[PDB]
Amino acid sequence: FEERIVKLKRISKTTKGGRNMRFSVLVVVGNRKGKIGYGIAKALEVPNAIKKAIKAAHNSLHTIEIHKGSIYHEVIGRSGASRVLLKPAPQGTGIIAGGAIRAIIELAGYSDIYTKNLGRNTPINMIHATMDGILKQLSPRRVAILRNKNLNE
Amino acid sequence: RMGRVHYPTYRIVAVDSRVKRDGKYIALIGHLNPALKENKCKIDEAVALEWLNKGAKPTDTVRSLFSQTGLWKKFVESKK
Amino acid sequence: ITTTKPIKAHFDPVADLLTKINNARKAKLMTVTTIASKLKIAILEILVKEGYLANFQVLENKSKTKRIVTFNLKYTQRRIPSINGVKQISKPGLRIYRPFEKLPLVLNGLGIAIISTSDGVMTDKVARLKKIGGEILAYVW
Amino acid sequence: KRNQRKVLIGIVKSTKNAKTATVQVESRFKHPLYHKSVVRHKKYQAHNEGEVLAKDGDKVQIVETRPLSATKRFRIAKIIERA
Amino acid sequence: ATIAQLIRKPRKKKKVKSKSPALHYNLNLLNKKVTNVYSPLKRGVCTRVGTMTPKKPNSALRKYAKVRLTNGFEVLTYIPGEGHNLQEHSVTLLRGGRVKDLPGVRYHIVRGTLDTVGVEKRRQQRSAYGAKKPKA
Amino acid sequence: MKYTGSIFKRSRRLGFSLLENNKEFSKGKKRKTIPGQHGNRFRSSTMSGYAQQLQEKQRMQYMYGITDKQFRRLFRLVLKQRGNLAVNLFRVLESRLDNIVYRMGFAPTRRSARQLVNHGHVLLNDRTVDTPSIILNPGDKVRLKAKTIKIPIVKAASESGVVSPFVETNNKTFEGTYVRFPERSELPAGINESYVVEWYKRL
RNA sequence: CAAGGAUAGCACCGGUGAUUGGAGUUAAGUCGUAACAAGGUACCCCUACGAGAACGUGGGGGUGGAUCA
RNA sequence: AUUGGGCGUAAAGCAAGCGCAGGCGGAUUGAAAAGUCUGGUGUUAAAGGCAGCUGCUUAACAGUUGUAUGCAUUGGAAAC
RNA sequence: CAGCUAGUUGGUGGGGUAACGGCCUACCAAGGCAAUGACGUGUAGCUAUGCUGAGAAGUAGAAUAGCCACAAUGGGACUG
Ligand SMILES: CN[C@@H]1[C@H](O)[C@H](NC)[C@H]2O[C@@]3(O)C(=O)C[C@@H](C)O[C@H]3O[C@@H]2[C@H]1O
Numbered sequence: 066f067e068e069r070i071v072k073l074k075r076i077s078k079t080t081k082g083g084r085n086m087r088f089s090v091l092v093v094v095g096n097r098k099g100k101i102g103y104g105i106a107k108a109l110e111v112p113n114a115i116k117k118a119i120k121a122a123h124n125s126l127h128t129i130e131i132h133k134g135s136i137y138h139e140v141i142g143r144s145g146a147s148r149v150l151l152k153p154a155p156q157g158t159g160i161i162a163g164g165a166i167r168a169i170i171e172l173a174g175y176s177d178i179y180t181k182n183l184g185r186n187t188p189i190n191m192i193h194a195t196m197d198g199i200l201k202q203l204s205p206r207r208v209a210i211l212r213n214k215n216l217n218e
Numbered sequence: 002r003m004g005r006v007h008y009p010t011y012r013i014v015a016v017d018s019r020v021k022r023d024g025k026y027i028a029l030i031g032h033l034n035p036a037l038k039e040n041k042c043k044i045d046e047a048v049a050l051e052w053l054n055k056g057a058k059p060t061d062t063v064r065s066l067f068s069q070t071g072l073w074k075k076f077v078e079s080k081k
Numbered sequence: 002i003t004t005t006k007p008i009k010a011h012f013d014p015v016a017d018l019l020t021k022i023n024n025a026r027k028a029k030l031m032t033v034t035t036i037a038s039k040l041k042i043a044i045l046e047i048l049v050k051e052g053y054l055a056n057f058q059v060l061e062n063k064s065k066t067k068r069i070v071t072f073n074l075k076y077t078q079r080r081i082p083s084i085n086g087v088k089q090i091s092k093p094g095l096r097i098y099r100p101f102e103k104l105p106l107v108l109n110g111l112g113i114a115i116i117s118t119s120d121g122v123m124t125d126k127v128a129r130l131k132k133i134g135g136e137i138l139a140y141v142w
Numbered sequence: 002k003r004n005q006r007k008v009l010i011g012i013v014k015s016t017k018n019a020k021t022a023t024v025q026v027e028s029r030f031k032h033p034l035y036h037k038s039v040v041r042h043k044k045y046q047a048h049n050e051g052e053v054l055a056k057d058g059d060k061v062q063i064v065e066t067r068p069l070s071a072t073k074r075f076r077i078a079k080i081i082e083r084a
Numbered sequence: 002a003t004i005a006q007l008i009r010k011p012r013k014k015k016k017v018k019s020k021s022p023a024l025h026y027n028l029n030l031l032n033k034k035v036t037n038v039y040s041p042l043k044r045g046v047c048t049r050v051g052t053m054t055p056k057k058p059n060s061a062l063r064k065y066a067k068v069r070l071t072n073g074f075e076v077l078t079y080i081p082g083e084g085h086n087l088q089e090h091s092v093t094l095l096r097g098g099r100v101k102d103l104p105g106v107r108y109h110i111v112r113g114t115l116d117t118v119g120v121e122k123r124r125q126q127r128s129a130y131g132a133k134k135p136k137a
Numbered sequence: 001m002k003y004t005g006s007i008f009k010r011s012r013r014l015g016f017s018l019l020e021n022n023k024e025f026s027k028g029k030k031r032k033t034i035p036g037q038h039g040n041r042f043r044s045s046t047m048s049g050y051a052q053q054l055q056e057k058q059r060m061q062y063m064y065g066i067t068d069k070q071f072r073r074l075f076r077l078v079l080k081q082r083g084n085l086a087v088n089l090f091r092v093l094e095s096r097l098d099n100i101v102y103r104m105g106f107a108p109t110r111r112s113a114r115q116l117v118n119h120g121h122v123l124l125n126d127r128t129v130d131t132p133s134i135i136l137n138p139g140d141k142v143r144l145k146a147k148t149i150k151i152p153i154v155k156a157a158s159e160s161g162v163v164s165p166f167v168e169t170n171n172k173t174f175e176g177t178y179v180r181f182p183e184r185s186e187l188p189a190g191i192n193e194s195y196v197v198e199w200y201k202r203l
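Chains as they are written, first to last, in the deposited numbering: chain D, 66 to 218; chain O, 2 to 81; chain G, 2 to 142; chain P, 2 to 84; chain K, 2 to 137; chain C, 1 to 203.
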């Protein structure tokens with residue numbers, strides 16, 4: 066419901082008798098209340114690429130859970146050799162992140178979280194790793210049902 | 002003095018008359034602020050006895066202050 | 002009870018049990034066996050009383066000349082092991098010992114670490130209750 | 002008059018001179034950076050008071066005394082015989 | 002790696018050579034001795050004034066000066082500003098920097114010094130290219 | 001700048017005002033666009049999170065007539081005590097003398113209050129006050145040094161203003177008392193204070 | 001005992017110093033086409049000889065070689 | 001890169017092997033406790049870091065109230 | 001920077017220091033330290049700390065405080 070751009074690039078395939086220049090757009094969609102997703106698109110001009118990216122991201126929409134407005138347990142997410150390290154932020158400290166990570170975390174309806182990036186930063190790979198790490202989230206009810214004890218500790 | 006210019010300070014400090022100011026010493030008896038004198042001084046009233054009982058009498062400028070506090074009366078008990 | 006194809010002790014209790022656990026949860030194997038020892042018995046005891054593990058048995062043929070332990074894993078009808086991750090902190094080349102207030106906690110309290118101070122291994126919450134620190138050996142969650 | 006001093010336990014290694022020995026002590030202590038208990042061994046020269054006799058390959062406990070000379074700053078105080 | 006080889010071979014840090022070691026070395030009389038003071042600016046004397054051609058992506062006619070220093074090493078520098086006041090044999094102020102048109106020229110002759118005057122006009126930039134206040 | 005001498009330009013560029021709205025009185029065109037000459041169809045060249053964070057920072061700072069280094073000093077002192085620092089920054093900023101002076105209905109603008117205070121026209125705790133950089137404490141009064149009570153501006157603006165709910169005053173004797181801490185929902189503000197908290201990375 | 005001097009030559013590190021070596025920097029300099037395709041003798045590695053240069057060849061080794069696969 | 005990196009094709013696994021020292025090691029029991037865990041005691045100055053308070057119009061500041069790793073002796077624990 | 005060292009190493013007697021001691025002396029005897037880095041070379045006042053970093057740590061050790069060092073260079077001694 067925000068649809069802010071992340072990184073737009075010029076790409077071109079080379080073919081006999083001319084190469085085709087086109088625009089590639091990366092988008093991320095989030096209601097700020099739980100439904101999040103991301104997508105890529107390419108087209109000859111802006112409007113077609115934007116529409117394609119919006120449709121692709123809307124199709125891949127999936128929900129996410131909120132733990133006291135924070136990520137209550139540590140997570141080290143990996144995808145394409147780009148480590149993302151996310152840890153809980155105590156409420157009353159604010160949210161810190163870099164641009165792409167800033168947009169990702171604010172778009173998911175997360176209040177605050179402490180983030181760090183290891184490895185060579187790359188937009189699409191970093192987004193994939195962050196989404197894989199966030200979708201890996203656990204929950205106290207999950208550990209309760211997979212354990213014998215029915216309490217958090 | 003120590004502390005601040007135009008706002009002096011001198012801690013009541015146990016030391017023997019051998020070295021300079023603000024250096025080696027034995028105990029920290031207390032402190033007096035001359036910037037506001039209303040017959041009051043930070044004194045432990047117990048450790049000063051031990052300091053006096055091992056020689057090293059304090060700086061000469063505090064005798065009236067200790068008499069005001071009431072340390073000389075209980076210190077001269079040894080020579081009684 | 003019978004198990005041919007004789008097994009071999011890997012190098013030590015903790016590393017062997019942890020690598021067996023990781024390979025089992027990767028291969029969804031029910032039963033995993035290893036060589037018996039007091040430390041491994043204690044580890045199996047704590048990990049089965051903490052609700053992360055299925056039946057565990059210790060057996061011998063006639064003496065301690067051939068004494069082994071074996072254990073199963075807690076699962077679900079949807080083919081998902083109860084455990085999800087493990088990392089050993091103590092290694093044969095390095096053992097770190099920590100005081101009370103330097104006691105680590107996993108996930109945020111969700112995971113259980115295994116700490117032995119003077120009375121065998123135990124859970125983190127009990128060690129903090131007795132305010133005894135000591136050495137950790139592994140994080141499981 | 003209480004008489005106390007530092008005491009160290011080591012293993013005697015060699016002897017070539019008269020009523021004097023050289024003892025190797027070992028100490029396993031944490032590395033300053035990686036906290037790995039490394040072993041360091043050190044040589045000390047000691048003399049026999051008269052109630053003792055130095056034999057190579059034995060565990061001894063030595064105490065401080067007046068410095069006899071360079072490296073001679075301990076005497077063989079107590080021997081724990083092999084059992 | 003492993004703990005034991007760390008014990009026998011502790012890792013050692015690497016440092017990049019400073020982009021101006023000449024601004025850090027000085028000499029003295031009464032003896033010959035090289036010392037390090039890592040100065041931010043020094044004094045020099047120009048011995049050559051001329052021009053040199055730049056590399057591939059740009060072609061121009063810049064002003065470069067060979068400058069000797071009171072210390073040992075003697076080095077090149079680039080003359081900034083419109084025009085110049087450097088003919089030969091003048092004392093001036095040398096400052097660290099880098100210019101990406103010539104090989105090895107990593108020094109700036111900062112104007113507004115004991116001898117060289119500046120681009121009397123440049124009011125947008127007056128901290129550098131020493132000039133007075135904007136005209137009243 | 002501590003004394004800008006020109007606030008209408010900032011108001012037009014920022015679309016905000018220290019008062020409710022008095023910086024557009026139809027003296028010519030009443031345009032809510034940016035001042036100067038940059039084209040009435042252009043907005044900016046970079047509009048990232050940095051740009052809006054800076055915009056809100058300048059808005060909040062220029063709403064109080066404070067310099068940036070003193071703002072950083074105030075943030076450093078704020079880091080001492082803990083709680084909800086987002087609203088605590090606002091509470092501490094409003095505790096400055098001129099802010100409460102306006103909240104007392106004494107003078108419409110903080111600049112006017114600073115001019116009054118610096119020239120020695122205010123008394124507090126039987127001590128002359130010449131700066132508004134005073135950390136006000138709960139349970140403190142402020143006198144008016146009755147010699148200077150003859151100022152026409154304060155006399156005229158005492159009744160024609162608005163009194164904040166966290167302060168009281170006996171305006172007949174022109175002396176006010178601090179009641180309690182200010183609140184976010186009682187004062188006119190829409191500033192994203194989180195941007196202010198996050199922007200300053202000096203600490 | 002003894003600083004210090006004097007003589008004599010041994011060790012170690014520096015400054016300088018005709019004049020040559022090699023390297024880097026320079027907008028399609030000349031030479032020839034060495035390598036990149038089976039680069040027109042398949043390529044490369046170790047070592048030896050020789051010539052303006054590019055390297056050619058001898059002995060051993062590999063495919064990070066083309067067709068047939 | 002202990003925290004917190006690698007060694008097939010990008011830098012990097014020695015040409016291979018025998019091995020001194022070092023480092024690391026099968027299971028059960030005992031003993032002490034060499035470290036470790038855990039108390040008491042004395043020692044880690046003052047000033048300074050950090051938290052509260054106080055007088056400087058007020059912040060800057062200064063003073064004060066405490067805090068701070070490590071070391072040795074001493075008693076417990078014996079899982080490693 | 002592969003071996004350094006000869007009062008260097010140790011016993012006896014004497015002298016001497018404020019005391020203990022090759023600290024010095026007469027005789028006698030020949031090891032000490034080292035690959036876990038002596039020895040040679042280069043550099044350097046150390047410490048509390050300043051600064052940065054969340055931290056493990058890195059950097060410099062200006063004020064200030066404690067210690068030693070020297071007082072044109074090098075040797076001595078009297079004084080107390
Ligand atoms: C030799 N005939 C070629 C052949 O048909 C090429 N397609 C395989 C064809 O390709 C084109 O049609 C193109 O798309 C672009 C142009 C460069 O050559 C054009 O004409 C190209 C024709 O000239």
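Each residue gets a CB set at the ideal place from its N, CA and C atoms; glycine is no exception.
With 16 or more other Cβ atoms from the protein chains shown falling within 10 Å of its own Cβ, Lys43/K counts as buried. By the neighbour-count criterion, in which a residue is buried when 16 or more other Cβ atoms sit within 10 angstroms of its Cβ, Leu144/C is buried. If you measure from each CB to the nearest heavy atom of ligand 1, the residues under 7 Å come out as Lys81/D, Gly82/D and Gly83/D. Only those residues of the segment 160-183 of chain D whose C-beta falls short of 8 Å from the nearest C-beta of chain C are listed: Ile160, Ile161, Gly164 and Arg167. Excluding the 5 residues flanking it on each side, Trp142/G has same chain C-beta neighbours closer than 8 Å at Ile84, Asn85, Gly86, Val87, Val107, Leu108, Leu111, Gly112 and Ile113, in chain order. Nearest CB-CB separation between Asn109/G and chain D: below the 7 Å threshold. Where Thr23/P is concerned, the enclosing beta strand (DSSP E) starts and stops at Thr21 to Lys31.
At a beta-carbon threshold of 9 Å, the residues of chain C lying near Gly157/D are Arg82, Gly83, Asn84, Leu85 and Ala86, ordered along the chain. With respect to the 7 Å criterion, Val163/C and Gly105/C are classified as neighbours on the basis of their beta carbons.
The Cβ-Cβ distance between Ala15/O and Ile30/O falls below 7 Å. Taking C-beta atoms as the reference points, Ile36/G and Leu18/G fail to come closer than 7 Å. In this chain, the alpha helix (DSSP H) harbouring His193/D covers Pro188 to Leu200. Among the residues of the segment 109-122 of chain K, none has a Cβ less than 9 Å away from any Cβ of chain P. Setting aside the 5 residues that flank it on each side, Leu150/D is surrounded in the same chain by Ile141 and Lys181, each with a C-beta closer than 6 Å to its C-beta; the list follows chain order. Classified as buried, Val93/D has 16 or more neighbouring CB atoms from the shown chains inside 10 Å of its CB. With respect to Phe101/G, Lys132/G sits close: the two C-beta atoms are nearer than 7 Å. With contacts defined as CB atoms closer than 7 Å, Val101/C and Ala113/C qualify as a contacting pair. The DSSP-derived three-state label of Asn170/C is strand. The straight-line gap separating the alpha-carbon atoms of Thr62/O and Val77/O is approximately 18 Å. Any Cβ of chain K closer than 7 Å to the Cβ of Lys37/P would place that residue at the interface, and such an atom is present. Proximity of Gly86/G to chain D, defined by a Cβ-Cβ separation below 7 Å, is not satisfied. In the DSSP annotation of this structure, the continuous segment of the beta strand (DSSP E) that includes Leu69/P starts and ends at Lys60 to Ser70. The three-state secondary structure of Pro22/K, taken from DSSP, is coil. Where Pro14/G is concerned, the enclosing alpha helix (DSSP H) starts and stops at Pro14 to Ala28. Burial of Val208/D is indicated by the presence of at least 16 other C-beta atoms within 10 angstroms of its C-beta.
Out of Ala156/C, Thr148/C, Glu168/C and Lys150/C, the CA that lies nearest to the CA of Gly139/C is found in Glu168/C. For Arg112/K, there is no enclosing alpha helix (DSSP H), since its DSSP letter is neither H nor E.
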